[PDB]
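quick one, fold the following:
(2 chains)
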Amino acid sequence: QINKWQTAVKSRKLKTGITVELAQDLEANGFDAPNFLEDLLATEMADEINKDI
Amino acid sequence: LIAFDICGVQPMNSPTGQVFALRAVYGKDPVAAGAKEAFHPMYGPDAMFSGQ
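Numbering: from 1, shown residues only, chains lettered A, B, ... in the order given. There you are, the coordinates:
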């Protein structure tokens, strides 16, 4: 006998929002500001994925 | 415009920068009330400090 196990894909969504002044201060202070933001969200999401799993 | 021909610029590469300055100071303690500046342009030298 062959049965099936199915489910829809569900979504997760995060946002940050960094002002231009903050991005400028991050660059001045040695941080890669555009990558910093992406790492923040990507890391936070990946962590939340691990929590979910 | 008058441009900036009448002032310094020293553009920043970081917000909120700072400027230091050096004063030559005499009287055995560079940081003390009454200590004097050795090369001050208005005030004369202590002409006998190293002498009599």
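
residues in contact with the closest residue to residue B:43 other than its chain neighbours?
Nearest non-adjacent residue to residue B:43, counting by C-beta to C-beta, 6 or more residues apart in numbering or on different chains: residue B:37, 6.8 Å away. In short, each C-beta sits where N, CA and C put it, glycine included. Neighbour list for residue B:37: B:23-26, B:43 [criterion: C-beta atoms under 8 Å, 6 or more residues apart in numbering or on different chains].

what of residue A:15?
residue A:41.

is it fair to say it lies in a helix?
No - checked against DSSP: H, G, I helix; E, B strand; the rest coil, residue A:15 lies outside a helix; its state is coil.

quick one: it from residue A:40, how far?
Residue A:15 sits at a distance of 11 Å from residue A:40 (criterion: C-beta to C-beta, to the nearest Å).

residue B:3 too?
From residue B:3 to residue A:40 the distance is 42 Å (C-beta to C-beta).

who's more crowded, these two?
residue A:40 (13 against 6; other C-beta atoms under 10 Å in any protein chain shown).

three-state assignment of the most centrally placed residue in chain B?
Centroid-nearest residue in chain B, with C-alpha atoms, centre = their mean: residue B:23, separated by 4.4 Å. Look at residue B:23: counting by three-state DSSP, its state is coil.

tell me the contacts of it?
Residues counted as contacts of residue B:23 (C-beta under 8 Å, 6+ apart) are residue B:37.

who in chain A is up against chain B?
A:24-25, A:28-29 (C-beta under 8 Å from any C-beta of the partner chain).

from those, which is closest to chain B?
residue A:28 (4.0 Å; C-beta to the nearest C-beta).
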